[PDB]
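Since the structure comes first, as structure tokens, the remarks are kept for the end.
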Protein chains: 4
Amino acid sequence: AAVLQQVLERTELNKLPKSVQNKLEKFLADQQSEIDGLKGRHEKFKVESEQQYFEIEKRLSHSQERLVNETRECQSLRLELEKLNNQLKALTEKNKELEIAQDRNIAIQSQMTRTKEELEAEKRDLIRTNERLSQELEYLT
Amino acid sequence: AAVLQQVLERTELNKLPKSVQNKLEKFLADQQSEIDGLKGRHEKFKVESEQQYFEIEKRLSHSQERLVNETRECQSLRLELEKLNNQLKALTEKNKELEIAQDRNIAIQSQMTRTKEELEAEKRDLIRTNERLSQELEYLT
Amino acid sequence: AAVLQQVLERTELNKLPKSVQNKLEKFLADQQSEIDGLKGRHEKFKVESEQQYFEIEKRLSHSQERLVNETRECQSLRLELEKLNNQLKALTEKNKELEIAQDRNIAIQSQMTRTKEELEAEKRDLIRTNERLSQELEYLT
Amino acid sequence: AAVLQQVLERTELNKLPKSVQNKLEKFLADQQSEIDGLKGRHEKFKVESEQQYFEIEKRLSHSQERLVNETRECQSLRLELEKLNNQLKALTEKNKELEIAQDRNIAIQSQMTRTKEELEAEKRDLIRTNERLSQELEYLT
């Protein structure tokens, strides 16, 4: 990487004292290594900054992914809840209905049981009369 | 801005053919301008990529915020869902038993009615027979 | 760094004593160095406060991340809690019905027992009587 | 505010033409305004980022405070579940004992019922014998 040989032809370099050549070549080299250094860093920086952005783009899209899914999840629960409350209200009303029928049935069966007892009492008395009449007939002939 | 004057002393410089001095001052200036351009371009890129990075950070933090908002809503719905499903299970069981009792009550009432009919037919038959037996007490032989 | 040449014309300047030009250009330099000093110290401060802010931003997001995890844990505990309470309520009512049933079966068992004791008394009386009747018939030998 | 009087002595100043003093003082004042302007612009920036930082610190302190509460809420919820599970185990056991008691009582009532029927069979045989003995005794007496 001798820079003076890019800048000057041999014939020109010959007219330069060696110390002067060295002063120049050292300065040229210093500037050139700064140039190489800058280009090296700049390129590394670009690549790094892009990779950092690429990675947070992925983090974003994943976050957005979770939010869409979570939004759907909520909506499906709400829809599900609406239907459950309609089921509950229906069941509730149906059981109120059955409660009412049950109380009516209890009332009815109790009344029937009384009537049955009265009839059976009547039947007992009729039988008593019946056996009495039979007995009196056998006491004739 | 001839930097060559700082690299070489005035005597050394004056003993250079002017064509050589010019070639050196030109090349030196070229390198310095490239250096200034590299720094300029990098500082431009640096600033722009930073701006873009901070923008997507803002977006990501907003997505996380919305997700908190939605997640909170879902979690309350799930609890609400659990509670209603347990009410639902209970009502269903209460309904099952009530309808079982209803069937038994219906069966019981149909047998009560069947029994009542038989009792009333028996009663009417006893009354007819006793009316007849009474008449027969007064017969002659 | 002789700035003085800008503010004063050629004759005005050359008519200034050496000590005056030296004093003026030194003062101008000192004020320029305060200026450059201010500029460099600001840029230093600027970077430092950005770095400081950048750090707290990450601390904030780390705090929100910790909170998401914590809240998820609390909500799943609350879900188990609801489930657990409803199991308890069921059992509590189930047991209470069993306790009522127990009280009824105990009342039945005591009644059955008095029934049994009544039967045993009747049997003892029957046996005493049949012994007496037997004796009275044997006395007719 | 006369800057020129600070840098130069009265003897040097007297020997300056007035127009020249005015040019110098005007230039010095300009440079001084630049100095003061930078000190003002820094101080402006400084206070602005200072306040911005206080605001992000509030958000951090708030997030942390919320985390503390949630963290504490979770520990207490874990203890509620352990406590309720303890009660649940106790209820389950009581339930198991109740059902076993119910089973014991069914068994007892089945034994009693078998005993009852055997008592009633003995009674009927005793009654048949009694009726036989009475009729024979009624015939002879």
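Identifiers for the structure tokens are assigned positionally: chains receive A, B, ... in sequence, residues are indexed from 1 per chain, and ligands are indexed from 1 in the order shown.
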
Would you mind listing, for every residue of chain B within 8 Å of chain C, the two atoms forming the shortest contact and the distance between them in Å to one decimal, using only C-alpha atoms, sorted by chain and ascending residue number, as a tab-separated table?
residue	atom	partner	partner_atom	distance
B:61	CA	C:61	CA	7.9
B:68	CA	C:68	CA	7.5
B:75	CA	C:75	CA	6.7
B:78	CA	C:79	CA	7.9
B:79	CA	C:79	CA	6.0
B:82	CA	C:83	CA	7.4
B:83	CA	C:82	CA	7.2
B:86	CA	C:86	CA	7.4

Exercise for review: Write out as number ranges by chain each polymer residue whose atoms come within 12 Å of residue 138 of chain D, counting only C-alpha atoms; drop sequence neighbours fewer than 4 positions from it.
Suggested key: C: 133, 136-137; D: 131-134

Check your understanding: Leaving out segment 115-126 of chain C and any residue of its chain fewer than 2 positions from it, which residues lie within 7 Å of it when counting only C-alpha atoms, given as an NGL selection string?
Key -> (:C and (111-113 or 128-130)) or (:D and (116 or 123 or 126))

Write out, as a PDB file, in the first residue's frame, the residues just selected, with N, CA and C atoms.
ATOM      1  N   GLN C 111     -90.796 -44.415  65.103  1.00  0.00           N
ATOM      2  CA  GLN C 111     -92.186 -44.798  64.918  1.00  0.00           C
ATOM      3  C   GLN C 111     -92.301 -46.296  64.666  1.00  0.00           C
ATOM      4  N   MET C 112     -91.451 -46.812  63.783  1.00  0.00           N
ATOM      5  CA  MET C 112     -91.417 -48.241  63.507  1.00  0.00           C
ATOM      6  C   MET C 112     -91.168 -49.035  64.782  1.00  0.00           C
ATOM      7  N   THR C 113     -90.354 -48.460  65.667  1.00  0.00           N
ATOM      8  CA  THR C 113     -89.999 -49.090  66.934  1.00  0.00           C
ATOM      9  C   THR C 113     -91.191 -49.130  67.886  1.00  0.00           C
ATOM     10  N   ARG C 128    -101.018 -65.038  76.704  1.00  0.00           N
ATOM     11  CA  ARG C 128    -101.639 -65.153  78.023  1.00  0.00           C
ATOM     12  C   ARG C 128    -103.085 -65.639  77.914  1.00  0.00           C
ATOM     13  N   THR C 129    -103.815 -65.067  76.962  1.00  0.00           N
ATOM     14  CA  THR C 129    -105.224 -65.382  76.777  1.00  0.00           C
ATOM     15  C   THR C 129    -105.419 -66.810  76.290  1.00  0.00           C
ATOM     16  N   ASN C 130    -104.669 -67.212  75.268  1.00  0.00           N
ATOM     17  CA  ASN C 130    -104.812 -68.564  74.739  1.00  0.00           C
ATOM     18  C   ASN C 130    -104.499 -69.622  75.785  1.00  0.00           C
TER      19      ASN C 130
ATOM     20  N   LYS D 116     -90.862 -56.970  61.479  1.00  0.00           N
ATOM     21  CA  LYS D 116     -92.259 -56.583  61.603  1.00  0.00           C
ATOM     22  C   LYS D 116     -93.165 -57.641  60.990  1.00  0.00           C
ATOM     23  N   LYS D 123     -98.532 -63.176  64.966  1.00  0.00           N
ATOM     24  CA  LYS D 123     -99.753 -62.621  65.532  1.00  0.00           C
ATOM     25  C   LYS D 123    -100.970 -63.297  64.907  1.00  0.00           C
ATOM     26  N   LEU D 126    -101.471 -66.742  66.227  1.00  0.00           N
ATOM     27  CA  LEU D 126    -101.972 -66.633  67.592  1.00  0.00           C
ATOM     28  C   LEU D 126    -103.453 -66.283  67.593  1.00  0.00           C
TER      29      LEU D 126
END

Check your understanding: Quick one: residues within 8 Å of segment 12-24 of chain D, only C-alpha atoms counted, chain neighbours fewer than 5 positions away excluded, as a list in words?
Key -> residues 7, 8, 12, 16 and 20 of chain C; 4 and 5 of chain D

Expected file: the selected residues, N, CA, C and O atoms, as a PDB file, in the first residue's frame:
ATOM      1  N   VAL C   7     -13.037  43.054  11.400  1.00  0.00           N
ATOM      2  CA  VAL C   7     -13.834  44.158  11.943  1.00  0.00           C
ATOM      3  C   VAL C   7     -13.275  45.534  11.561  1.00  0.00           C
ATOM      4  O   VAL C   7     -14.029  46.503  11.420  1.00  0.00           O
ATOM      5  N   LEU C   8     -11.962  45.610  11.365  1.00  0.00           N
ATOM      6  CA  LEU C   8     -11.311  46.881  11.068  1.00  0.00           C
ATOM      7  C   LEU C   8     -10.724  46.938   9.660  1.00  0.00           C
ATOM      8  O   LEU C   8     -10.214  45.939   9.146  1.00  0.00           O
ATOM      9  N   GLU C  12      -7.026  51.482   9.603  1.00  0.00           N
ATOM     10  CA  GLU C  12      -7.476  51.497  10.994  1.00  0.00           C
ATOM     11  C   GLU C  12      -6.714  50.479  11.827  1.00  0.00           C
ATOM     12  O   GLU C  12      -6.352  50.737  12.977  1.00  0.00           O
ATOM     13  N   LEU C  16      -3.198  50.586  14.844  1.00  0.00           N
ATOM     14  CA  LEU C  16      -3.309  50.066  16.207  1.00  0.00           C
ATOM     15  C   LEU C  16      -1.957  49.594  16.726  1.00  0.00           C
ATOM     16  O   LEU C  16      -1.282  48.814  16.057  1.00  0.00           O
ATOM     17  N   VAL C  20      -2.046  46.631  21.639  1.00  0.00           N
ATOM     18  CA  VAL C  20      -3.497  46.667  21.480  1.00  0.00           C
ATOM     19  C   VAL C  20      -3.991  45.535  20.578  1.00  0.00           C
ATOM     20  O   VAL C  20      -4.982  44.880  20.898  1.00  0.00           O
TER      21      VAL C  20
ATOM     22  N   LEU D   4     -15.013  46.578  25.688  1.00  0.00           N
ATOM     23  CA  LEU D   4     -13.732  47.143  25.274  1.00  0.00           C
ATOM     24  C   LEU D   4     -12.954  47.720  26.451  1.00  0.00           C
ATOM     25  O   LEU D   4     -11.724  47.768  26.427  1.00  0.00           O
ATOM     26  N   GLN D   5     -13.678  48.151  27.480  1.00  0.00           N
ATOM     27  CA  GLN D   5     -13.059  48.748  28.659  1.00  0.00           C
ATOM     28  C   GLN D   5     -12.433  47.666  29.537  1.00  0.00           C
ATOM     29  O   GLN D   5     -11.508  47.930  30.306  1.00  0.00           O
TER      30      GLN D   5
END

Review point. Got a sec: who's within 8 Å of residue 42 of chain B, counting only C-alpha atoms, leaving out chain neighbours fewer than 4 positions off, as a list in words?
Key: residues 42 of chain A; 38 and 46 of chain B

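Atom pair atom CA of residue 26 of chain C / atom CA of residue 2 of chain C has a distance of 8.9 Å (rounded to one decimal).
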
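Neighbours of segment 92-98 of chain D closer than or equal to 10 Å, with only C-alpha atoms counted and sequence neighbours fewer than 3 positions away skipped, come out as residues 88, 91, 92, 94, 95, 96, 98, 99, 101 and 102 of chain C; 87, 88, 89, 101, 102, 103 and 104 of chain D.
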
Could those residues be written to a file, using N, CA and C atoms, as an mmCIF file, in the first residue's frame?
data_model
loop_
_atom_site.group_PDB
_atom_site.id
_atom_site.type_symbol
_atom_site.label_atom_id
_atom_site.label_comp_id
_atom_site.auth_asym_id
_atom_site.auth_seq_id
_atom_site.Cartn_x
_atom_site.Cartn_y
_atom_site.Cartn_z
ATOM 1 N N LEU C 88 -68.039 -25.731 46.351
ATOM 2 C CA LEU C 88 -68.386 -25.636 47.768
ATOM 3 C C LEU C 88 -69.869 -25.394 47.991
ATOM 4 N N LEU C 91 -71.892 -28.690 47.325
ATOM 5 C CA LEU C 91 -71.718 -29.598 48.461
ATOM 6 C C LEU C 91 -72.455 -29.137 49.704
ATOM 7 N N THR C 92 -72.454 -27.834 49.944
ATOM 8 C CA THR C 92 -73.055 -27.306 51.153
ATOM 9 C C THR C 92 -74.551 -27.578 51.136
ATOM 10 N N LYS C 94 -76.071 -29.860 49.152
ATOM 11 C CA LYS C 94 -76.222 -31.302 49.071
ATOM 12 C C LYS C 94 -76.228 -31.903 50.471
ATOM 13 N N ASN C 95 -75.258 -31.493 51.281
ATOM 14 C CA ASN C 95 -75.173 -31.975 52.651
ATOM 15 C C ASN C 95 -76.395 -31.567 53.458
ATOM 16 N N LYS C 96 -76.867 -30.340 53.254
ATOM 17 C CA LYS C 96 -77.992 -29.832 54.032
ATOM 18 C C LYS C 96 -79.242 -30.645 53.743
ATOM 19 N N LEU C 98 -79.122 -33.745 52.919
ATOM 20 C CA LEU C 98 -78.866 -35.045 53.528
ATOM 21 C C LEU C 98 -79.196 -35.000 55.010
ATOM 22 N N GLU C 99 -78.918 -33.860 55.634
ATOM 23 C CA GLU C 99 -79.176 -33.679 57.057
ATOM 24 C C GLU C 99 -80.677 -33.714 57.353
ATOM 25 N N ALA C 101 -82.941 -35.269 55.442
ATOM 26 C CA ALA C 101 -83.316 -36.656 55.202
ATOM 27 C C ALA C 101 -83.014 -37.527 56.418
ATOM 28 N N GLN C 102 -81.865 -37.279 57.041
ATOM 29 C CA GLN C 102 -81.454 -38.010 58.234
ATOM 30 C C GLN C 102 -82.479 -37.820 59.344
ATOM 31 N N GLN D 87 -61.432 -26.407 53.150
ATOM 32 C CA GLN D 87 -62.842 -26.491 53.490
ATOM 33 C C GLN D 87 -63.524 -27.501 52.593
ATOM 34 N N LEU D 88 -63.117 -27.524 51.329
ATOM 35 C CA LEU D 88 -63.687 -28.476 50.391
ATOM 36 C C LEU D 88 -63.435 -29.922 50.824
ATOM 37 N N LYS D 89 -62.230 -30.200 51.312
ATOM 38 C CA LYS D 89 -61.886 -31.555 51.734
ATOM 39 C C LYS D 89 -62.759 -31.949 52.902
ATOM 40 N N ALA D 101 -74.235 -42.877 56.500
ATOM 41 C CA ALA D 101 -75.298 -42.903 57.494
ATOM 42 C C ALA D 101 -76.616 -43.242 56.828
ATOM 43 N N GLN D 102 -76.843 -42.644 55.662
ATOM 44 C CA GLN D 102 -78.057 -42.865 54.888
ATOM 45 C C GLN D 102 -78.169 -44.337 54.530
ATOM 46 N N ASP D 103 -77.033 -44.934 54.184
ATOM 47 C CA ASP D 103 -76.994 -46.348 53.830
ATOM 48 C C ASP D 103 -77.242 -47.257 55.031
ATOM 49 N N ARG D 104 -76.766 -46.829 56.196
ATOM 50 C CA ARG D 104 -76.952 -47.581 57.430
ATOM 51 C C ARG D 104 -78.435 -47.620 57.784
#
